[PDB]
């Protein structure tokens, strides 16, 4: 693979010091791009996807418009439960999901065996390898997956939610079955993520979008352990492989209550939403870890000029060392490409400015 010209992102990730603050956006490859829809629904929501070339192309598009400091592989969170044998549909033109969710401990039999999962998701590796290849070391490439708990919530609650129903209920109701499933999700995610790095992924992001549902206690009996094993095991397997381990990021939506432990689940990076205060976040986490976030995506609805100081304040709130700018959640589909770039420009503009 070609050598990395710009690595501000990996260095900020690693805690190293940098000349400016690296920036990128979650779902930066998303429906907010006209070029994106021209490609996405120019086949299928879950079998392109299947074509590396198309996945590559989606992964590249935003980088064509904005000097983002990193790229993140395009794919869908559900590809794992899908690889595990769950069938997805394409219902009335908003989003994907499972018509036949797990509902009783019995249903777990329908799942494939964790190690087979890697071989099912080979198009993803290829799209990764491809994309590392075509970025040609422009900026780094981030692989990803959803975290065990989050995955469980999609698999159990059918898909698209609010603040919880059946999943949280299994936890109280049948936790033996919950233990089990969560292990299966974990045992699948380790080889998938090793996978992405072998295929040439230079950093990995774990998404725990449905942290917020859980209490602190629930979170520690049920999400935390597994967030921990995945990191532990992915690092182990990578040594075994003779590979350099890679920065790992854990992003927990509504995870204010869990920053303390998350700082010590052995991730180099902790991703935050806009609901946490940056100073109170840094307090909570210390100085070993680098923070990521956390601008409210809705702020991009303001003017170019309004954005400037929101970034400025954020940048001042977070302060130069150990930090990667980002939105506190992925982008929305109706957002103005201009303002996505305004955000980027202001990150770059005022960070180098912050450094007199």
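Positions refer to the first chain, counted from 1.
Here 85 to 93 and 216 to 224 are compared by their mean Cα B-factor, and 85 to 93 comes out higher.
When the two stretches 133 to 141 and 96 to 104 are set side by side, the higher mean Cα temperature factor goes to 96 to 104. Within the listed group 186, 205, 202, 161, the record reports its top CA B-factor for 161. Per the deposited record, the Cα B-factor of residue 293 falls in the lowest third when ranked against the other modelled residues of its chain. Per the deposited record, the Cα B-factor of residue 57 falls in the middle third when ranked against the other modelled residues of its chain. Per the deposited record, the Cα B-factor of residue 331 falls in the highest third when ranked against the other modelled residues of its chain. Ranked by C-alpha B-factor against the other modelled residues of its chain, residue 278 falls in the middle third.
Per-chain ranking of the deposited C-alpha B factor places residue 167 in the highest third.
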